[PDB]
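**Q** This is the structure, below, for whatever I ask next.
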Amino acid sequence: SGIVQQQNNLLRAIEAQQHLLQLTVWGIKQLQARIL
Amino acid sequence: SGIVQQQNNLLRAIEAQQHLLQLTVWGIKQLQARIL
Amino acid sequence: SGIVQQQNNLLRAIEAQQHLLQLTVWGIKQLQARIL
Amino acid sequence: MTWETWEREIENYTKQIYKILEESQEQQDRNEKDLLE
Amino acid sequence: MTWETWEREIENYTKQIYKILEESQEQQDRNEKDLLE
Amino acid sequence: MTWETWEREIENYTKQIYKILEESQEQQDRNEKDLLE
């Protein structure tokens, strides 16, 4: 039980980090387009 | 024990990843401030 | 078996995200070299 | 490396990550079902 | 998305992650204690 | 923070995570072997 529940939470953390990663990609693309 | 240890390994990797994410955010903000 | 399999899945996710993170670091460095 | 390649690489890894996240969701599903029963 | 909404979204998800990882730490503690039993 | 220290921290956490991922892969293989045998 405890292991399966912690796997759920690690997956949620990874999912949130994916959101942050995609936000950082957006920022880089905005800067890239600006200075091209 | 090995399964519990691996959960800790993954947690540690996610935490390190988060520190890297924090640094990329800082860098993007620095560039934004200069370009905009 | 399912718990071990999920540890592999989460490890693969973190590894894949680390590649994405390295690409964002490259991008920040690319922009930094132009702006400043 | 060109920004064109950078973009392609971003899209590729993003695609792969979502595949892995789907597998992980499906396995989490199996594991939670297996536990409850 | 604008730079203003970007920043707030970064903050939002960062707080979410801190919360999830704190919960995950607490769960790690419990699983390690359970492992003796 | 400045760009020099940023570069240093990038390198430091990058090495940190590479070591943890290596350890994780080794542990994964060990757990799979133990499960089978």
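Protein chains in written order, with our numbering: chain F, 1032 to 1067; chain B, 1032 to 1067; chain C, 1032 to 1067; chain A, 48 to 84; chain Y, 48 to 84; chain G, 48 to 84. Even for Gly, the Cβ is constructed at its ideal location relative to N, Cα and C.
1. Step through the CB atoms of chain B and report whether any lies within less than 7 Å of the CB of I57/Y.
2. Does any residue of chain A bring its CB to less than 7 Å from the CB of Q1036/C?
3. Any Cβ of chain C within less than 7 Å of the Cβ of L82/G?
4. On the CB-based measure, 16 or more other CB atoms within 10 Å of its CB, does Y65/G come out buried or exposed?
5. Output yes or no for whether 7 Å exceeds the beta carbon distance between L1041/F and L1041/B.
6. Does the CB of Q75/G have a neighbour CB from chain C at under 7 Å?
7. Taking buried to mean at least 16 other C-beta atoms within 10 Å of its own C-beta, is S1032/F buried or exposed?
8. Answer with buried or exposed for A1047/B, where buried requires no fewer than 16 other C-beta atoms within 10 angstroms of its C-beta.
9. Can you name the start and end residues of the alpha helix (DSSP H) that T52/A belongs to?
10. Using a C-beta to C-beta distance shorter than 8 Å, which residues of chain G count as neighbours of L1042/C?
11. Give the residues of chain A in contact with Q1063/F, contact being defined as C-beta atoms less than 7 Å apart.
12. What separation, rounded to the nearest whole angstrom, lies between the Cα atoms of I57/Y and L1054/F?
13. Please state whether the Cβ-Cβ distance between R1043/B and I1066/C is less than 7 Å.
14. Ends of the alpha helix (DSSP H) at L1067/C?
15. Would you please verify whether the beta carbon of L1067/C is less than 7 Å from any beta carbon of chain F?
16. Note down the Cα distance separating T49/G from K62/A, rounded to an integer number of angstroms.
17. What number of angstroms, rounded off, separates the C-alpha of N59/G from the C-alpha of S71/G?
**A** So, from the data block:
1. yes
2. yes
3. yes
4. exposed
5. yes
6. yes
7. exposed
8. buried
9. 50-83
10. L68, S71, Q72, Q75
11. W50
12. 7 Å
13. no
14. No alpha helix (DSSP H) contains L1067/C, which DSSP labels as neither H nor E.
15. no
16. 33 Å
17. 18 Å
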